[PDB]
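Chemist: return a 3D structure for these sequence lines:
(6 chains, ligands or ions: 26)
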Amino acid sequence: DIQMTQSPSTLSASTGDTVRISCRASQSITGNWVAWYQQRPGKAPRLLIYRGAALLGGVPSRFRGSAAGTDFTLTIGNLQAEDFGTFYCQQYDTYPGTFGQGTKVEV
Amino acid sequence: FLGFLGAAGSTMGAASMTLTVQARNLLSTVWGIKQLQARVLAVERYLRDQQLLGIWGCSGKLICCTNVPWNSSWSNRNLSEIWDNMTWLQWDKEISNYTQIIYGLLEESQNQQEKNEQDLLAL
Amino acid sequence: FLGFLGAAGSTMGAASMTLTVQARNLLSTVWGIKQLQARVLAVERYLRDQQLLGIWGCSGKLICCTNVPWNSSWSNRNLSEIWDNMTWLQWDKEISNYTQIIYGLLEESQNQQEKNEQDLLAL
Amino acid sequence: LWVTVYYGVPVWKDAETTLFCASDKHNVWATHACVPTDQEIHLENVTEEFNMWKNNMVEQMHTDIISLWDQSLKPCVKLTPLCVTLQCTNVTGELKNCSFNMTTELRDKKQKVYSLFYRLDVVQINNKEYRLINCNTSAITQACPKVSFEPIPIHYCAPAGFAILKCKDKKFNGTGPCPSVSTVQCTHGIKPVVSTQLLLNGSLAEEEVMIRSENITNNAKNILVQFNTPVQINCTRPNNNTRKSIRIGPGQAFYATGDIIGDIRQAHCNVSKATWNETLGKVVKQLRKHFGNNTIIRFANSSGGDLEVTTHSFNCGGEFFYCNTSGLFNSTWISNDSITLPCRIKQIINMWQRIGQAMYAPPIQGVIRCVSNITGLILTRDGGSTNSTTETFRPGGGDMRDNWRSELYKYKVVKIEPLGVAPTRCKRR
Amino acid sequence: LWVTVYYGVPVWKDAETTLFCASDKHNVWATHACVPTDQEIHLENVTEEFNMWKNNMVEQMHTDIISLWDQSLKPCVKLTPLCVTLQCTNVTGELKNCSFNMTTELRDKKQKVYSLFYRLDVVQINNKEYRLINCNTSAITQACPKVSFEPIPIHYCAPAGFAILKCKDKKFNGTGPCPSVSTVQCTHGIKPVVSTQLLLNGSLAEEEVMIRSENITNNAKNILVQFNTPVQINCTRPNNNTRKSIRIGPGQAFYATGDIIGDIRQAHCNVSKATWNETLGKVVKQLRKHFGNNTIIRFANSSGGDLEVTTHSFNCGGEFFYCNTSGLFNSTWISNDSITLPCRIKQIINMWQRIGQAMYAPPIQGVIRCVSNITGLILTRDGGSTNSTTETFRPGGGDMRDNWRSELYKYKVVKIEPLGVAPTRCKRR
Amino acid sequence: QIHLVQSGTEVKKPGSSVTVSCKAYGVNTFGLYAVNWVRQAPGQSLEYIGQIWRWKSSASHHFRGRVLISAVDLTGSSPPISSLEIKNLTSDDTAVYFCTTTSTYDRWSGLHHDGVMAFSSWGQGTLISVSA
Ligand SMILES: *[C@@H]1O[C@H](CO)[C@@H](O[C@@H]2O[C@H](CO)[C@@H](O[C@@H]3O[C@H](CO[C@H]4O[C@H](CO[C@H]5O[C@H](CO)[C@@H](O)[C@H](O)[C@@H]5O)[C@@H](O)[C@H](O[C@H]5O[C@H](CO)[C@@H](O)[C@H](O)[C@@H]5O)[C@@H]4O)[C@@H](O)[C@H](O[C@H]4O[C@H](CO)[C@@H](O)[C@H](O)[C@@H]4O[C@H]4O[C@H](CO)[C@@H](O)[C@H](O)[C@@H]4O)[C@@H]3O)[C@H](O)[C@H]2NC(C)=O)[C@H](O)[C@H]1NC(C)=O
Ligand SMILES: *[C@@H]1O[C@H](CO)[C@@H](O[C@@H]2O[C@H](CO)[C@@H](O[C@@H]3O[C@H](CO[C@H]4O[C@H](CO)[C@@H](O)[C@H](O)[C@@H]4O)[C@@H](O)[C@H](O[C@H]4O[C@H](CO)[C@@H](O)[C@H](O)[C@@H]4O)[C@@H]3O)[C@H](O)[C@H]2NC(C)=O)[C@H](O)[C@H]1NC(C)=O
Ligand SMILES: *[C@@H]1O[C@H](CO)[C@@H](O[C@@H]2O[C@H](CO)[C@@H](O[C@@H]3O[C@H](CO)[C@@H](O)[C@H](O[C@H]4O[C@H](CO)[C@@H](O)[C@H](O)[C@@H]4O)[C@@H]3O)[C@H](O)[C@H]2NC(C)=O)[C@H](O)[C@H]1NC(C)=O
Ligand SMILES: *[C@@H]1O[C@H](CO)[C@@H](O[C@@H]2O[C@H](CO)[C@@H](O[C@@H]3O[C@H](CO)[C@@H](O)[C@H](O)[C@@H]3O)[C@H](O)[C@H]2NC(C)=O)[C@H](O)[C@H]1NC(C)=O
Ligand SMILES: *[C@@H]1O[C@H](CO[C@@H]2O[C@@H](C)[C@@H](O)[C@@H](O)[C@@H]2O)[C@@H](O[C@@H]2O[C@H](CO)[C@@H](O)[C@H](O)[C@H]2NC(C)=O)[C@H](O)[C@H]1NC(C)=O
Ligand SMILES: *[C@@H]1O[C@H](CO)[C@@H](O[C@@H]2O[C@H](CO)[C@@H](O)[C@H](O)[C@H]2NC(C)=O)[C@H](O)[C@H]1NC(C)=O
Ligand SMILES: *[C@@H]1O[C@H](CO)[C@@H](O[C@@H]2O[C@H](CO)[C@@H](O)[C@H](O)[C@H]2NC(C)=O)[C@H](O)[C@H]1NC(C)=O
Ligand SMILES: *[C@@H]1O[C@H](CO)[C@@H](O[C@@H]2O[C@H](CO)[C@@H](O)[C@H](O)[C@H]2NC(C)=O)[C@H](O)[C@H]1NC(C)=O
Ligand SMILES: *[C@@H]1O[C@H](CO)[C@@H](O[C@@H]2O[C@H](CO)[C@@H](O)[C@H](O)[C@H]2NC(C)=O)[C@H](O)[C@H]1NC(C)=O
Ligand SMILES: *[C@@H]1O[C@H](CO)[C@@H](O)[C@H](O)[C@H]1NC(C)=O
Ligand SMILES: *[C@@H]1O[C@H](CO)[C@@H](O)[C@H](O)[C@H]1NC(C)=O
Ligand SMILES: *[C@@H]1O[C@H](CO)[C@@H](O)[C@H](O)[C@H]1NC(C)=O
Ligand SMILES: *[C@@H]1O[C@H](CO)[C@@H](O)[C@H](O)[C@H]1NC(C)=O
Ligand SMILES: *[C@@H]1O[C@H](CO)[C@@H](O)[C@H](O)[C@H]1NC(C)=O
Ligand SMILES: *[C@@H]1O[C@H](CO)[C@@H](O)[C@H](O)[C@H]1NC(C)=O
Ligand SMILES: *[C@@H]1O[C@H](CO)[C@@H](O)[C@H](O)[C@H]1NC(C)=O
Ligand SMILES: *[C@@H]1O[C@H](CO)[C@@H](O)[C@H](O)[C@H]1NC(C)=O
Ligand SMILES: *[C@@H]1O[C@H](CO)[C@@H](O)[C@H](O)[C@H]1NC(C)=O
Ligand SMILES: *[C@@H]1O[C@H](CO)[C@@H](O)[C@H](O)[C@H]1NC(C)=O
Ligand SMILES: *[C@@H]1O[C@H](CO)[C@@H](O)[C@H](O)[C@H]1NC(C)=O
Ligand SMILES: *[C@@H]1O[C@H](CO)[C@@H](O)[C@H](O)[C@H]1NC(C)=O
Ligand SMILES: *[C@@H]1O[C@H](CO)[C@@H](O)[C@H](O)[C@H]1NC(C)=O
Ligand SMILES: *[C@@H]1O[C@H](CO)[C@@H](O)[C@H](O)[C@H]1NC(C)=O
Ligand SMILES: *[C@@H]1O[C@H](CO)[C@@H](O)[C@H](O)[C@H]1NC(C)=O
Ligand SMILES: *[C@@H]1O[C@H](CO)[C@@H](O)[C@H](O)[C@H]1NC(C)=O
Ligand SMILES: *[C@@H]1O[C@H](CO)[C@@H](O)[C@H](O)[C@H]1NC(C)=O
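Modeler: Numbers count the residues shown, from 1 in each chain, chains lettered A, B, ... in the order given. Ligands and ions are numbered 1, 2, ... in the order given. What follows is the structure:
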């Protein structure tokens, strides 16, 4: 079973800033089998990056992630004010696919 | 005998015994030019794979050893759980991201071996 | 020098020295598609001959030796009256019943040699 | 560990490509220019997802059938002179006598001729006064004297480097995993039969009757059915016409009807009555699985529309019948004899729901008999008020993809990828 | 020393081959059939001899434009019935209101109809009696209902084994060595715009206005001119005419003009007076280098003659304007305000200077507005006494190889030869 | 389009059983899709319960024996539907329950690693509270 210690536990920045979020596995995922969500308060999470760096339809190209070894990182470009909330890195490398812990992005 | 694609679900180890089976089945008015454009594709598609083997030096061979060392960052499973638990359809996703750079190290690992065997003959 | 098919009547021994003549002459509106389908048939017939020599391990060679032993139930003449009293047009009738068998013992005697050679490299 | 390259591995990816014939007096579907025919392998451990509504073998078969139709219409007669004014009197309201003035082989003289037209081809403009039905917004090109219409089985063989996967599951409703597939060089024989409301000559389901549809909960989508035992049908046209050859130019000839020989008796296609009630009873059993065990299945007759689609039209013998199936679809269901169907003939055809391109079929001298099969329907549901226990299934159809989509519901074309790299403990010295 | 064979070496030879499209409602230049498009390498220490007047990429592009034209004109209507005799009266002498007999959908009746013609389509037979202009030398075919004429960028891509060489200089006059060639998989986007006396939507020079000609000392060769800044032109059409639909047979429809809504006001084109007075000055600077530092450069109005060559014919919005351009080329030169040009529309078109094939463009409902770039000219020089200091340049044009040869002056197609033998110190054991 | 609608709020007492159902509007059929049931403890990391895939349901390593994932396919009256019961309910099992589906048509998708899946179409959330 894989466990991820997502970091930083919580960051804050205003619009117009570039934001990076880290996520580390326990073993190495050599197929880039991770995904990233976004949970506004109360609503349901929305998948927006699968298999390392692929972008679902409809998600604006402002988002971007990277994948290498055991360090997986997500980057947001020229942040916009409706994009505050929470994020999650999930592995689906081996059964069962656990989640991260969550790192809010407050204003 | 199992036939064309018969070993599609077998393990990677017992499905490497039937390479010749698929290797000989890859080459061969309304119907007058549906026919003609269907053959000029089966040939041009095939010649773009026999050239790739020639670049790497494996021409005319189904199994061909090379010199590139398997980087442990492409797939770090051990040999007992690659040739005995997987099927080619499963193994061909796991390296889907690293197939365009294995093809780049195989190509110029041969170009260094061309100009090393050429010098050696000069002595 | 005799030319294309110049040796068709000479014994098999003396007509085997002139294989490079036939080998290099087998590739190259009402007149606008009589030409086009006479050029995609010469290519596809050629490419199904070079694939056979690849399976049998005789790629890029004209006179190539193999491992399959000559079974005596195919033709039990001695060599002094194969290569000295026959023309290839006579020797092609006789084994015409046992030619899809030889093409099957040559095709798999090579697949057992790909894997013998891969093991030898493991040590 | 050292990389090792294997050529000829069993991997495939979805693809779409161009397929061609193979099929063992000229036919329209020119079996004289298709390759002659010639092999089914079993794929174990294998599970392959299917989908018969996002198939692509269908959209290629619908275009090949159309484009074979109207290349065999180009080279021969074009009857644009027949748009003139007719003076038509009754032959006895079904046949007319219709004499008119039409040209000769000499460009300045005229000719007075006559011919017998069915009443389904003339619309009057207000003896009496008439004109042909497809004269505004169509151009009639006579059918052509020595070409046949009878279907001939054609096999759709895929090119080299591609393969066709066949689902051998015997209860396959065309969507979902198929844990037993195969690999075929090319399909079984698909007869390109044209029909409506009843699929003829077909191919039978193995175990039970199967109901197939795109979106069941939607009432705007047709519902293909597939019987597992045939229900043969018997058609006839009793009268025995005569052929006469008008000449309308240098090298043209118009094959018009001459005289009837005998009394006029209507043309019909019967049924066996008791067989049609068993078959309609196995349909209801299998149609309750999708709608409810306590629902009243009421069958009705055609809703209405264009005569090509509210009636069971087909083509056998060379003369295009148009039967009236109202006595077949009756009989609400709750939890020696023969049905006689009155069929009317036409002679000017608009087959593929095209606009502005028509055709005239020369008469068939002789008596027409016909022995077919009924191996499917094309129903359609009427949208109620979601608070009843009654469902009404009128026959529909018209769209032509639905005939063939009932034969290519199990095939899938794939693309091989024969190159692979793997780690090993061998090294090239 | 022993021979050694090298495969894949950089050698090339000139060649002539068959390029094809690559391009990213049906069009004429059928961008629906050309390969979808997708890359430039700098070659150092390489000098190549170009020549833009023995370029073969032009005599190909001229045949594909002509052959794509009447491929998209074959399938649809042929208006031979309209050569009849007309009785025409003035609408107010620019529009005629002509009425004639004509066939019906029914071959024996007649039909008296009418339509609004221009004056440029009818030549009279001696309310008088007229007839269509192309009626003794041409077979007119109606333009085709659902096909556009707007230009789309098309790339000319070379087959595999050839290559295209491009000169990245900025002052290239189309002849002589270019010390910096590149290699491109295929060209930039070339718009197939048709026009005379003024190149539109062209490609702009990078530094200065450039003068190019076959043979400057010969007054029977055109003198292409390329600007380096756009000069935009507008060219509206004020009226709002409506469409009608005659019927001339089974399934054929003639789209004649109905009524004119409003007043008949002339069409025009505006080009700014300051912009054209400053872009015609840079022409003279660049045109004294080839004729002398003390010569008098004089401009005149074209010649008179055939109406396709004495006018700025172009095709935007859908109608074929034929402007005047006599207020642009004016007074001689020695060492918020606009120019308005009157233009006349036509509807029967003979494009490629052919004889025997015409075309009829159906009207355009609605108002027509336009914007373009004037980025070229095609001048010609008068036969003078070769003794005086006056040179008079009248716009010429007409021939169509001189529009594309303004785009394809920097390219060249070569043929890779990859086999080579050379001596070395190795030997095969 | 695809739209997911789960049942409403509910409250129970320890030692009971409660069921939540999920009706998906726009699913072709559950042959070509897969259903995964997850859970979000109040303000916590998500958690995965079980699934149905190619019509063979399974449960996690901490829930086996106390759960039942079941589903029924299309019908002329109702869209495809799936259901979840929690047996021997306890004070620990209070959280929000989500209904998730992923396509499984294309074998080369990348949203599923031969059974283990990423979730691309989420429900709306059902809140389950147990107390006395
Ligand atoms: C196109 O054609 C295809 C081809 O068939 C059609 O596919 C068919 O689709 C139907 C759906 O309509 C499928 O039936 C459904 O199957 C599911 C799967 O159930 C699985 O899990 C069950 C629970 O598993 C637990 O326990 C097992 C025990 O070993 C453990 O191993 C597991 O880990 C779990 O912990 C399990 O019981 C099932 O086994 C069943 O089948 C086997 C063999 O078939 C039997 O031996 C068993 O006795 C058992 O019956 C299976 O493993 C079921 O979930 C569905 O059940 C619902 O429907 C029943 C009848 O309709 C109903 O009686 C049930 O109560 C249940 O109803 C559910 O919903 C109700 C309302 O929401 C609830 O009130 C109710 O409580 C329940 O929640 C159903 O049986 C077919 O399997 C499938 N066929 C094939 C070959 O795959 C397809 O439908 C067609 N397409 C279209 C569009 O029509
Ligand atoms: C096969 O055929 C059936 C029958 O048409 C199709 O079923 C319809 O599917 C559409 C999909 O869009 C459904 O429309 C959506 O329904 C959602 C659920 O609403 C239903 O349930 C709620 C609660 O029970 C009821 O209050 C409501 O009246 C409906 O009965 C709606 O939530 C959706 O609305 C959303 O979008 C709109 C517009 O953006 C917003 O304004 C809303 O706030 C909301 O966000 C939407 O209306 C439709 O209800 C289904 N009809 C049925 C079941 O009869 C299948 O989709 C079809 N199969 C296919 C296409 O594959
Ligand atoms: C060019 O000259 C021709 C004749 O040389 C001329 O054609 C004339 O057009 C008018 C239309 O304005 C025709 O008048 C029509 O006649 C019919 C039959 O009597 C009437 O039904 C028409 O009624 C109109 O008004 C109705 C009330 O709103 C409408 O409902 C109806 O649709 C009609 O619009 C109308 O009176 C006239 O018959 C012809 N001439 C001949 C000889 O037929 C044409 O107008 C001239 N073109 C221009 C641009 O001047
Ligand atoms: C470009 O056009 C000019 C004319 O404007 C061409 O120049 C002309 O060339 C011809 C020969 O081809 C000259 O005639 C020759 O004259 C010599 C002596 O002058 C005589 O010995 C020959 O018998 C012949 O008559 C002609 O004079 C000359 N024109 C002028 C005005 O000098 C030129 O050839 C053209 N360019 C090309 C590439 O053809
Ligand atoms: C890992 O690869 C996937 C998919 O790889 C694609 O197919 C391979 C054969 C190879 O040719 C790759 O170069 C291809 O990109 C990547 O996911 C894709 O991401 C792009 C980005 O927009 C998207 O358009 C595609 O749809 C995705 N693939 C699929 C199948 O949907 C993924 O980005 C790679 N991981 C990395 C780069 O970390
Ligand atoms: C020719 O046959 C037609 C059709 O049978 C006759 O038309 C009918 O005439 C009767 C007499 O009034 C009407 O009641 C019917 O309504 C007519 N049928 C239709 C469909 O309108 C016609 O009378 C016969 N004779 C002639 C000279 O036409
Ligand atoms: C349809 O017509 C066929 C004739 O082709 C009928 O077949 C005959 O059926 C009888 C009844 O037993 C047999 O005695 C005959 O031998 C059959 N004909 C032949 C050629 O064998 C059939 O009965 C008809 N069916 C219906 C429903 O009308
Ligand atoms: C097709 O056949 C049906 C069945 O007979 C005809 O419709 C019925 O005709 C009878 C005789 O007049 C009427 O009593 C019924 O009311 C009709 N409707 C039924 C039974 O639903 C029909 O006229 C025939 N032709 C067409 C074009 O439908
Ligand atoms: C209607 O379907 C029946 C199937 O019951 C056909 O009868 C069989 O057709 C196959 C096809 O070659 C023959 O091999 C069998 O011998 C036929 N009889 C039986 C009892 O299976 C029948 O031919 C079909 N109708 C027509 C007109 O062909
Ligand atoms: C199918 O899978 C079983 C194990 O589940 C295996 O033993 C068998 O060999 C497989 N089929 C083939 C053809 O290898
Ligand atoms: C293996 O892959 C890693 C990935 O970054 C790379 O840094 C390294 O150079 C590669 N080669 C070796 C020998 O580690
Ligand atoms: C190979 O890896 C698997 C996965 O952990 C393990 O079960 C197996 O023991 C390994 N092989 C050896 C020789 O340790
Ligand atoms: C033909 O036969 C004669 C004797 O049979 C032989 O000498 C001669 O070499 C043969 N021809 C050729 C071309 O070898
Ligand atoms: C030669 O082939 C025959 C088949 O006809 C076989 O019976 C025989 O054993 C073969 N010879 C040897 C030495 O095996
Ligand atoms: C081969 O056999 C034949 C029998 O006809 C004999 O004449 C000849 O000498 C033999 N040759 C050899 C080399 O044994
Ligand atoms: C045929 O022509 C004659 C005279 O040319 C005419 O009286 C007669 O009405 C025409 N026939 C028809 C059917 O109109
Ligand atoms: C053609 O004639 C028929 C017969 O009267 C009429 O119903 C129809 O409206 C006419 N026009 C078209 C476009 O079909
Ligand atoms: C169908 O039934 C209705 C019932 O009123 C009847 O009027 C009609 O003639 C029948 N046939 C058709 C084709 O509508
Ligand atoms: C259809 O059913 C009705 C209702 O019993 C019956 O009166 C009628 O005779 C049946 N047949 C036809 C052809 O309408
Ligand atoms: C009907 O026409 C056919 C035509 O071949 C002929 O054989 C047959 O004798 C005719 N029947 C009668 C009763 O004239
Ligand atoms: C029609 O216009 C012509 C050309 O301007 C003119 O000569 C003629 O007099 C005009 N006739 C009428 C009746 O306006
Ligand atoms: C139209 O037909 C009538 C019939 O005689 C004729 O008088 C008139 O001149 C015709 N119109 C034209 C333009 O010829
Ligand atoms: C041409 O039209 C454009 C677009 O409105 C306008 O900006 C420009 O001033 C016009 N030029 C002239 C010379 O009228
Ligand atoms: C050009 O100018 C001359 C003299 O002013 C004049 O005769 C002629 O009509 C003008 N236009 C053309 C096109 O020649
Ligand atoms: C001009 O034509 C357009 C297009 O038909 C229309 O929208 C507009 O109203 C017309 N203007 C007038 C004044 O009729
Ligand atoms: C004229 O050229 C400029 C150069 O960039 C271009 O932006 C403009 O679009 C062109 N004119 C028109 C009307 O497109």
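
Chemist: over to the residue in the stretch 251-400 of chain D that chain F sits nearest to. Which of the three states is it?
Modeler: Residue of the stretch 251-400 of chain D nearest chain F, by Cβ to the nearest Cβ: residue D:291 (4.3 Å). Quick note: C-beta positions are derived from backbone N, CA and C, even for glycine. Following DSSP: H, G, I helix; E, B strand; the rest coil, we place residue D:291 in the coil state.

Chemist: does stretch B:11-21 reach chain F?
Modeler: No - using Cβ under 8 Å from any Cβ of the partner chain, stretch B:11-21 stays clear of chain F, with a minimum separation of 14.6 Å.

Chemist: centre of the chain to that stretch, how far?
Modeler: 13 Å (Cα atoms, centre = their mean, to the nearest Å).

Chemist: for that stretch, list every residue counted as buried.
Modeler: Buried residues in stretch B:11-21, counted by 16 or more other Cβ atoms under 10 Å in any protein chain shown: B:11, B:12, B:15, B:16, B:18, B:19, B:20, B:21.

Chemist: likewise stretch D:383-397?
Modeler: In stretch D:383-397, counting by 16+ other Cβ under 10 Å, buried: D:391, D:392, D:393, D:394, D:395, D:396, D:397.

Chemist: near ligand 2, anything from it?
Modeler: No - contact between stretch D:383-397 and ligand 2 is absent, the nearest approach being 8.1 Å (criterion: Cβ under 6 Å from any ligand atom).

Chemist: span of that stretch from start to end?
Modeler: Length of stretch D:383-397, first residue to last, Cα to Cα, to the nearest Å: 17 Å.

Chemist: show me the contact partners of that stretch.
Modeler: D:196-198, D:219, D:222-223, D:291-292, D:294-303, D:309, D:325, D:329, D:377-382, F:76-77 (Cβ atoms under 8 Å, 6 or more residues apart in numbering or on different chains).

Chemist: same question for stretch F:65-79.
Modeler: Counting by Cβ under 8 Å, 6+ apart, D:216-217, D:290-292, D:381, D:386, D:391, F:23-27, F:29-31, F:35, F:37, F:49-52, F:57-59, F:80-88 sit against stretch F:65-79.

Chemist: ok now that stretch, how far from the chain's centre?
Modeler: So, by Cα atoms, centre = their mean, the centroid of stretch F:65-79 is 10 Å from its chain's centroid.

Chemist: tell me the contacts of whichever residue of chain B sits closest to ligand 8?
Modeler: As assessed by Cβ to the nearest ligand atom, ligand 8 sits closest to residue B:30 within chain B, at 37.1 Å. When contacts are counted by Cβ under 8 Å, 6+ apart, residue B:30 is found next to D:30, D:64, D:67, D:68, D:71.

Chemist: give me the distance between it and residue D:60.
Modeler: Separation of residue B:30 from residue D:60 (Cβ to Cβ, to the nearest Å): 12 Å.

Chemist: again, but for residue D:423
Modeler: 42 Å.

Chemist: ok, now residue D:171?
Modeler: For residue D:171 relative to residue D:60 (Cβ to Cβ), the value is 27 Å.

Chemist: show me the contacts for the residue nearest to residue D:115 when sequence neighbours are not counted.
Modeler: Once flanking residues are discounted, residue D:115 sits nearest to residue D:256: 3.5 Å by Cβ to Cβ, 6 or more residues apart in numbering or on different chains. Residues in contact with residue D:256 (Cβ under 8 Å, 6+ apart) are D:113, D:115, D:116, D:243, D:244, D:245, D:246, D:363.

Chemist: quick check: bridge partners of residue D:256?
Modeler: Beta bridges link residue D:256 to residue D:244, judged by DSSP bridges.

Chemist: strands along chain B, start to end?
Modeler: Ranges of strands within chain B are B:63-69, based on DSSP state E.

Chemist: swap that for the stretch 51-200 of chain D, please
Modeler: If DSSP state E, counting those that start in this stretch is used as the criterion, the strands of the stretch 51-200 of chain D fall at D:86-88, D:95-96, D:99-103, D:110-114, D:117-118, D:128-130, D:147-148, D:162-166, D:175-178, D:181-183, D:198-200.

Chemist: how far does the fourth one sit from the chain's center?
Modeler: Between the centre of strand D:110-114 and the centre of its chain there are 38 Å (Cα atoms, centre = their mean).

Chemist: buried set for that strand?
Modeler: For strand D:110-114, by 16+ other Cβ under 10 Å, it's D:113, D:114.

Chemist: the first one too?
Modeler: The neighbour-count check on strand D:86-88 (16+ other Cβ under 10 Å) flags D:86, D:88 as buried.

Chemist: what residues does it touch?
Modeler: D:96-100, D:117, D:122, D:127-132.

Chemist: again, only using 6 Å
Modeler: Under the contact criterion Cβ atoms under 6 Å, 6 or more residues apart in numbering or on different chains, strand D:86-88 has outside partners D:96, D:98, D:99, D:100, D:127, D:130.

Chemist: grab the nearest non-local neighbour of the residue of chain F found nearest ligand 16.
Modeler: Here chain F gets closest to ligand 16 at one residue, residue F:76, 58.1 Å apart by Cβ to the nearest ligand atom. For residue F:76, ignoring the flanking residues on the chain, the nearest one in space by Cβ to Cβ, 6+ apart is residue D:291 at 4.3 Å.

Chemist: if we can go back for a sec, I'd like to know which of the contacts of residue D:256 are buried.
Modeler: D:113, D:115, D:116, D:244, D:246, D:363.

Chemist: give the bridge partners for the first one, please.
Modeler: Okay, so that is residue D:113. Beta-bridge partners, per DSSP bridges, of residue D:113: residue D:100.

Chemist: how close does it sit to ligand 20?
Modeler: Between residue D:113 and ligand 20 the distance is 23 Å, computed by Cβ to the nearest ligand atom, to the nearest Å.

Chemist: ok, that residue to ligand 9 distance?
Modeler: Taken as Cβ to the nearest ligand atom, the span from residue D:113 to ligand 9 is 40 Å.

Chemist: sorry, back to before: kindly reformat the strands of the stretch 51-200 of chain D as TSV containing distance to residue E:405.
Modeler: Compiled in TSV, these are given as follows (distance: least, Cβ to Cβ, whole Å):
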stretch	distance to residue E:405
strand D:86-88	62
strand D:95-96	67
strand D:99-103	54
strand D:110-114	59
strand D:117-118	63
strand D:128-130	62
strand D:147-148	51
strand D:162-166	45
strand D:175-178	59
strand D:181-183	56
strand D:198-200	62
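
Chemist: and these, which is most packed in?
Modeler: strand D:198-200 (a mean of 23; mean count of other Cβ atoms under 10 Å in any protein chain shown).

Chemist: ok, that one: who's next to it in the sheet?
Modeler: strand D:374-381 (antiparallel).

Chemist: are any of the contacts of residue B:30 buried, and if so which?
Modeler: For the contacts of residue B:30, buried by 16+ other Cβ under 10 Å: D:30, D:64, D:68.
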